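In the authors' numbering, the protein residues as written are 1315 to 1435. To start, the structure itself, in structure tokens.
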Amino acid sequence: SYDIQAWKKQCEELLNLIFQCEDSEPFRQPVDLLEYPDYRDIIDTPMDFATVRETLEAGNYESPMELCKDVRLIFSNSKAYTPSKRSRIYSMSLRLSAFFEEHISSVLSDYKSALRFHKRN
Ligand SMILES: Cc1ccc(C(=O)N2CCN(C(=O)NCc3cccs3)CC2)o1
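As structure tokens, this is what we get:
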């Protein structure tokens, strides 16, 4: 499996699966500061799955590792903002994180293998 570009379509399909998940609902758009007045006191770099998709679709990721960094920021921002480890929105983040890591591991492995094969000589 030595296609250096295959990660992009794989990431588009995994973002489609995440957008079908009810658990992604809170993570698909920005936080309204009228609903959460303190959100930006706590979170200095916001991130959501619409921004991740639009970055991928614009050709502004060079590797799946960069996409993976931004998706992990979505989840770390949820862990930082939550006032309880058993909040509804934080608990949704943890299930979605487990699904994302399960699916992204082959994408990263295949990309890194493909690049190694490219630089074999
Ligand atoms: C209470 C708590 C603990 C952890 C979080 C959290 O990670 N937030 C704040 C709330 N967020 C938000 O308002 N997203 C927009 C939408 C919500 C539902 C449909 S659109 C997402 C990010 O919030």
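Quick reminder that beta carbons are idealized off the backbone N, C-alpha and C, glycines included.
Looking only at its chain, what residues have a beta carbon closer than 8 Å to the beta carbon of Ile1403, apart from the 5 residues adjacent to it on each side? Mapped onto the sequence shown, residue 1403 falls at position 89. Contacts found: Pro1340, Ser1392, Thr1396.
Could you check whether the Cβ of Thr1396 sits closer than 7 Å to any heavy atom belonging to ligand 1? Here residue 1396 refers to the residue found at position 82 when the sequence shown is read from its first residue. Yes, since a heavy atom of ligand 1 falls inside the 7 Å radius drawn around the Cβ of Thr1396.
Can you give me the C-alpha to C-alpha distance between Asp1352 and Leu1381, rounded to a whole angstrom? Along the sequence shown, read from residue 1 onward, the residue named residue 1352 stands at position 38. Along the sequence shown, read from residue 1 onward, the residue named residue 1381 stands at position 67. Cα-Cα distance, rounded: 27 Å.
Straight-line gap, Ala1428 to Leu1331 (C-alpha atoms, nearest Å): Indexing the sequence shown from 1 puts residue 1428 at position 114. Indexing the sequence shown from 1 puts residue 1331 at position 17. Roughly 24 Å between the two C-alpha positions.
For ligand 1, is there a heavy atom less than 7 Å away from the beta-carbon of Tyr1353? Position 39 of the sequence shown, counted from the first residue, corresponds to residue 1353. Correct: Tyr1353 has its Cβ closer than 7 Å to ligand 1.
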